[PDB]
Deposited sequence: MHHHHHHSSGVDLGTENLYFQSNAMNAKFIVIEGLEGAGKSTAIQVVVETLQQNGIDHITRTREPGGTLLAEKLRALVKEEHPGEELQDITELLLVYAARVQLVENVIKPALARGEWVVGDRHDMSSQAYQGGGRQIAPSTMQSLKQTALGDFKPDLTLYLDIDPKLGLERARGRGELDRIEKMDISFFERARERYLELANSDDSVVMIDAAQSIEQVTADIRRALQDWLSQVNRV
């Protein structure tokens, strides 16, 4: 049965090579219909919104609530127009970021009230969630070391708050598996392959 697998983590955790290993592992397990997505983005409108979030806004203060609304608008478009239909056709979906990123960056980083984050999540997504999330955990500075956009230019305390939120969620959500991304690409890759293989072997 079709599943939604998400790859998560701070800047430079290694989500790009992780997606590679996840797709390859799925293929090795006989899954031959897979759709990758990335957030924010993945549709014409969502990509326009991604640009609005990543670009600088000279002469205009981009309010925290506005940022949240934009990433959610992009997510709704992707979920309704790409992800759900793909799952419905029987394709597995592998996402480069999903809602956990809003929780970490907008909730932890921007410090938006938890009541606000949950009511917006409910409004946008209902109970829709990934089946497995592979959270690549990394010290923010180390990840940054690996033309910065508006968010990447935030001070490190923002990313520390984001990491704190990611870790809380990884610890409370049984569907989140944490990977130590501070290792060599080879070891991280090996741990991802194992965690996913281990998880696939327990479905049903």
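Several segments of the deposited sequence are absent from the coordinates, namely 1-25, 172-176, 235-236.
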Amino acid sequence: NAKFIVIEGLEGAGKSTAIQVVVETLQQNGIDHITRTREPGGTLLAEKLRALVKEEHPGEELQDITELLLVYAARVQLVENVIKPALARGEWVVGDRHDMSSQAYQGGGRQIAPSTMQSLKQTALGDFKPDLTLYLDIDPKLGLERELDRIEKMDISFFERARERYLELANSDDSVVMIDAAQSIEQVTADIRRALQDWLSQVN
From here on, numbers count along this sequence of modelled residues.
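When 75-83 is weighed against 121-129, 121-129 comes out higher, by mean CA B-factor as recorded in the entry. Of the two segments, 43-51 and 172-180, the one listed with the higher mean B-factor is 172-180 (C-alpha atoms only). Compared with the other modelled residues of the chain, the Cα B-factor recorded for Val203 ranks in the highest third. For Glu152, the recorded CA B-factor ranks within the middle third of the chain. Only modelled residues enter the ranking. When the modelled residues of the chain are ordered by their C-alpha B factor, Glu60 lands in the highest third. For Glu145, the recorded CA temperature factor ranks within the highest third of the chain's modelled residues. The entry lists a Cα temperature factor for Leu26 that places it in the middle third of the chain's modelled residues.
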